[PDB]
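Some notes on the structure that comes next.
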Amino acid sequence: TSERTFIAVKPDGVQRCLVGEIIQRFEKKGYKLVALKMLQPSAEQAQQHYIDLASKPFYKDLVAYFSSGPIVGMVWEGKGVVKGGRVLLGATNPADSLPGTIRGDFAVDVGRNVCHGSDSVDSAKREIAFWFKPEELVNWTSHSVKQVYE
Amino acid sequence: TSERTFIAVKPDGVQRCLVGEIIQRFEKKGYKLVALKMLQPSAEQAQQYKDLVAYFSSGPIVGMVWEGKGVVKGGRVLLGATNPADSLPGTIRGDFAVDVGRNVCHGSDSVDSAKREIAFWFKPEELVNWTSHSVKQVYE
Amino acid sequence: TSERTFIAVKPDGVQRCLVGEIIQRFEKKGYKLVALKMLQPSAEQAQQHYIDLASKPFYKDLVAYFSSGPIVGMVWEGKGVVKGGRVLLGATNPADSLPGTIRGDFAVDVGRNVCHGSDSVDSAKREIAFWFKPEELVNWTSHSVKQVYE
Amino acid sequence: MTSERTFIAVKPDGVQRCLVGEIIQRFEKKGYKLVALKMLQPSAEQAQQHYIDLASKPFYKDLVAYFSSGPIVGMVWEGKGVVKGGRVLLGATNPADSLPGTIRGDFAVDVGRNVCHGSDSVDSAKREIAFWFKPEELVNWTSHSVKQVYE
Amino acid sequence: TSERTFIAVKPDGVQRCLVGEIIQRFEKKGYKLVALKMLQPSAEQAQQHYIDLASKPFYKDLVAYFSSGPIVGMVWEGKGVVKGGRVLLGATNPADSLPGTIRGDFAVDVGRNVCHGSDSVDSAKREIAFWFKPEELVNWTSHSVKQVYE
Amino acid sequence: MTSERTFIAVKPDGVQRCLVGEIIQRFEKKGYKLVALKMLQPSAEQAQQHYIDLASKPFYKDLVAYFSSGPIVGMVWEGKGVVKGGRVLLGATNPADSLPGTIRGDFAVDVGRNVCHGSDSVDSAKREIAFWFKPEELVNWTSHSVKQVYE
């Protein structure tokens, strides 16, 4: 399948040097990287990233942090890559994260949870369009596509 | 002590360079490697659509025999759930595989099946009897 | 918080060269190493028991092993470090332990399960005091704390 | 000294052979700072510029075909001697001469599939960086670890 | 590219749980594994394996020991490979090995130097012929061969 | 023969940059034996003394300040050649020189912040072990793998 998910390294992940590890885990799974960019999100951008929230919202902080510095944003392609991406990442809240997952291994606070994954197929479609220009998605074939899948 | 399991890296694990990574995970767990062969399976050896004979015998595999307490289940825990979609991160199929069709390794379902599977793949001879210098650190 | 826990690398764990490995999983989750030392337990040091304690199936030689070579004792600090600490160690019984955890990855036998972590905030407080002069113990601020927590 | 920038690309073999995370993580953990990062397929014009040098075939039209036959990952890194240090991290250009521990030392066999490139000087770095990235793709930020890494 | 070497994990490496690690290093390099087996050398085989002695009674010691328990034996194929393999191993003498190499990372003592690789293409084929029956030797094509070479 | 003992310290930059585990783990994997291990915060005197063949330098005041600025992790490792081996694992004292594969090679950029320390001689080690530790903190044990590492 050519299903795609959007994966970001939040600025706390870039700050504590987890960009490479994160990409590597997706690469090791057999998912394919079709878009990669480092950019510091707008306040505007950050606001739409969160679009929910809330009572307590703040919120305003989760916007401040998210545009505090660089994120590495990604597009990953493969069968069940949206689902499978979420599993790779772990529970949103690191305290509820399984060990051997990104948050499971490398994160404590839900408020500093290292990375982002789309939760649904449509959520990814929206998200990729938002972060990446069509021309920044590279269409290519893995020499290994027939060893991962049939 | 002294239960033995059979593990194999399928052609897709061997192609994708996961032989060291699988072996290493078994070694650090404290299990003892007892037999090791790279071979290309031949047509017949397909055990029970009906691709998986073009596939399972299209390229070399690494067969292995491992030894230790709970090694049937523990081994299969190590590989994780047969279906990569069900496999969890930290496990071989969880970390490395996507498709049931291309699930990298294999692990014997019962103590029973293990010995059928060892016998099938190995002469009782290719099978090395040694004692780990760590046996006393890993076990009581 | 700020909550502290007690982690020990058991003699089999030291013997099997898992000290760096263990330390590193905690450093990498974001927990903070607040005290650390190698020692050989004395036999009444040994546990002491008083966990069980009511000694109990066959203490005699569980307390003989725990005292038979060196262990590495450590105190890590952070939110839920007590609970999360146990998570990294994995299920007390190696056979229940998930791959991705210290015991899951490295341990086969309960009698030789590499490590111990305090079982509650309360057990910790005690074990920390029993193992550590209250001053072998460093108060420092991680340059990463703002990145690990909001 | 510390704001020095260098250009590092994982080449199309490296992307294919799934070594993007491997290489990036070697840089992050040396203490260097990721200042830009993207994925692109080089265009034939981008590919010819990369290898102007040789033209002068040798494997010109070949190298150009290869380098623009799939995605590469470009990056800009920043740190003290990051230009010199990057290349040390990547290993000697000819993999046959590179030492284990280095990217090419660990994962590469023949020079025409040497997995990556790094800028060879302050002045070639600055050029390549200017070449591959619009200046608004260079993110300007401070590592919370910069004082741990430098005096 | 056709050129093949013999690589052996000596009994210390097998004992010290270094078999997967060594294999991994050759897979990651791009070399192809065209044969593999575990066996316990006889004194005869260990005696042959050593050109060597002649002695200083470290022969005999080498000869025992080497037949002390199982070795893991391998044949690797890549644009040779014999040289490149030895480079992955590190200087035969561990005191001279650099970090990054197998012996660099794991060996201290020449008598326990973990592993072996043939010193020449001709030496290689003796060793391959000596250790392997010509049909224990799968000819196959790595799906990556075109990414590791031109 | 030996046996033989050296002193390895993770500098406070190394502790800060979460590399205690990684460093210990290299010594373990190498066959060396860890016979003492504690974390402590160096006092100005201890700091001042460590940077002794260095007391008449521009940096020093800053090095002392830094070394006592927060916790270090001190170790005593035992095994044949360990003083020289321990430093090879560590890599050239100045990062710009150290090779990938080594601790400073993989993880450090500048001398001020070079992460770790190993005694330079058999004698230095013995000064440093006696200084940083007390005999009773120095365990005496035998590794089950000792026979596998040494012939």
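None of the figures in this text is laboratory data; all of them are computed from the coordinates on show. We place every Cβ from the backbone using ideal geometry, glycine too, and count neighbours over all the protein chains shown.
Points to keep in mind about this one:
- Among the residues of segment F:54-101, those identified as among the β-branched types (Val, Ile, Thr) and touching a helix residue (DSSP H, G or I) at 6+ places or on another chain (Cβ under 6 Å) are F:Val64, F:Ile72, F:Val73, F:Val76, F:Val83.
- Test: residue in segment D:57-69 that is in contact with a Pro (Cβ under 7 Å, 6 or more places away or on another chain), among the small types (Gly, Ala, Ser) and surrounded by fewer than 19 Cβ atoms within 10 Å (Cβ to Cβ): yes
- Verdict on D:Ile129 being touching a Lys or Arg at 6+ places or on another chain (Cβ under 7 Å) and under 18 Å from D:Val15 (Cβ atoms): no
- All told, E:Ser118 meets the bar of being more than 11 Å from chain D (Cβ to nearest Cβ), within 13 Å of the chain's Cα centre (by Cα) and over 23 Å from F:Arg87 (Cα atoms).
- Any hit, segment D:15-27, residues being assigned to a helix (DSSP H, G or I), over 13 Å from the mean Cα position of the chain (by Cα) and more than 8 Å from every other protein chain (Cβ to nearest Cβ): no
- Single condition D:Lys134 does not satisfy, out of (1) touching a helix residue (DSSP H, G or I) at 6+ places or on another chain (Cβ under 7 Å); (2) among the basic types (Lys, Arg); (3) within 19 Å of A:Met38 (Cα to Cα): (1)
- Counted residues, segment D:28-39 - those being more than 7 Å from every other protein chain (Cβ to nearest Cβ) and of a type in the set (A, V, I, L, M): 1
- F:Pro42 being farther than 30 Å from D:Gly101 by Cα, surrounded by 23 or more Cβ atoms within 10 Å (Cβ to Cβ) and more than 8 Å from every other protein chain (Cβ to nearest Cβ): yes
- Helices (runs of 4 or more DSSP H) wholly inside segment D:55-151 containing at least 3 residues that are under 30 Å from F:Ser68 (Cα atoms): D:146-149
- For segment B:121-140, a residue qualifies if it is of a type in the set (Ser, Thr, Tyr) and either within 14 Å of chain C (Cβ to nearest Cβ) or assigned to a helix (DSSP H, G or I) (or both), and the qualifying residues are B:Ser132, B:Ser134, B:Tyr139.
- For the residues D:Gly101, D:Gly86, D:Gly74, the requirement of being more than 11 Å from chain E (Cβ to nearest Cβ) and closer than 30 Å to E:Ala91 by Cα singles out D:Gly86.
- Any hit, segment D:116-137, residues being in contact with a strand residue (DSSP E or B) (Cβ under 8 Å, 6 or more places away or on another chain), within 14 Å of chain E (Cβ to nearest Cβ), buried (at least 21 other Cβ atoms within 10 Å of the Cβ) and on the phi > 0 side of the Ramachandran plot: no
- Restricted to segment F:45-70, and to residues there that are of a type in the set (D, E, K, R) and more than 26 Å from C:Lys133 (Cα to Cα), the residue that is farthest from the other protein chains (Cβ to nearest Cβ) is F:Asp53.
- The criterion of at least 2 residues that are within 14 Å of chain C (Cβ to nearest Cβ) and crowded, with 24+ Cβ neighbours inside 10 Å is met, among strands (runs of 3 or more DSSP E) falling completely within segment B:3-107, by B:105-107.
Residue-wise test of (1) under 16 Å from F:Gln49 (Cα atoms); (2) over 12 Å from the mean Cα position of the chain (by Cα).
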| site | (1), (2) |
| --- | --- |
| F:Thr102 | no, yes |
| F:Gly105 | no, yes |
| F:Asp110 | no, yes |
| F:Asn114 | no, no |
| F:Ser121 | no, yes |
| F:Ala125 | yes, no |
| F:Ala130 | yes, yes |
| F:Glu137 | no, yes |
| F:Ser143 | no, yes |
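- Comparison of C:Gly90, C:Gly111, C:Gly100 shows that the only residue that is under 15 Å from the mean Cα position of the chain (by Cα) and within 25 Å of F:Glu28 (Cα to Cα) is C:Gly90.
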